[PDB]
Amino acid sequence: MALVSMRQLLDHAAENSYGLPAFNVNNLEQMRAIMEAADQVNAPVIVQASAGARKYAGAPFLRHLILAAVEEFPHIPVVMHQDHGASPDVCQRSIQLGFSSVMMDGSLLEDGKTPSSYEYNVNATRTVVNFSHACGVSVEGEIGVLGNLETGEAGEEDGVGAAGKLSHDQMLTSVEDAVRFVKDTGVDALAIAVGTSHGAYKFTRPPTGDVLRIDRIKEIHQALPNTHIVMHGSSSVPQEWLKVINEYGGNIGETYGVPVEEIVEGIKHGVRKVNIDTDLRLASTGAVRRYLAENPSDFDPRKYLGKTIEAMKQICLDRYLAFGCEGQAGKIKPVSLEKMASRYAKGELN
């Protein structure tokens, strides 16, 4: 079986009033956790990979992890999405490696750290949209710079994130910039900046409506009722796993993530893709620390790494269920990328 386009999945999510978690993958245990969770609740899958993931795993290994997933779970539609593409050339290479969706992150320059001009962003993103749609491949773009609205800090997602203190206007997407950007690029999915950031250290206190601007998601959805919105940096940071990490030799200070309740509110207002990485890292590290402490004579990696599969799988299950994904995989009839390309050429997805 083949991969599905992200545009098909996000269209179905909007039609049926749900939103999909998009999980980062780096190795076998992470891929098994994602697929086993999706299979259990019969949910569609978006799996994504960063440039850091390619460096760690190797491009052939990432490609073949997804091919194995589709073979073992043939009834589960799978998108393979390239996160934080630094340039059109990067996105073109990802298409050649078999990705069905790419993010051209034109909100930063090719260094993945310097905020870009509007014109640079549109030029790079429009370029990727044109050559991706010719192949049926979906494109996510970003307008606004991810970062914390109180501190001006973005954090780092596998080396990607603004360097230096950001201004309020940089980190909060204006409604009209979102409108102009969609008109100018034709992206399939729009990442916006509303106060989330990469990593575990998103908020020093439980986020308020002033620092996590769900109200701005509502405003953008009112202006762009048909645009699928992407929430980056939207791990919830499970306090129960922070507790386990701190109990078994780790040290993570008091910090909070994006609450599931607020993500669900975003889904009611057009969020169809919710990027989650840090939560799986925290669940994995808590599970390994606890197993090693409780089983000092066990040296089979499958024993403690098996605990990371189960811990990550429970995160994924929780998110699929809370975001409305149960049973939706059985409703989707996959469209080939060649057919998607034909639909783009006819203007049916404008």
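Position 1 is the first residue in the sequence shown; the rest follow in order.
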Open item on the list: So, looking at the entry's B-factor column for Cα atoms, which has the higher mean, 270-278 or 208-216?
Closed with: 208-216
TODO: Averaging only over Cα atoms, indicate whether 309-317 or 66-74 has the higher B-factor in the PDB entry.
DONE: 66-74
TODO: Would you mind checking which of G164, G195, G233, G85 has the top Cα temperature factor in the PDB entry?
DONE: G164
- [ ] Can you pull the Cα B-factors for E119, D169, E140, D177 from the entry and say which is highest?
- [x] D169
Task: Modelled-residue ranking by C-alpha temperature factor, third containing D184 - done: middle
TODO: Could you look up the Cα B-factor of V25 in the entry and say which third of the chain it sits in: lowest, middle or highest?
DONE: middle
Open item on the list: Could you place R54 in the lowest, middle or highest third of its chain by Cα temperature factor, using the values in the record?
Closed with: highest
Task: Chain thirds of CA B-factor: placement of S107 - done: middle
Task: For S101, the third of its chain into which the C-alpha B factor falls - done: lowest
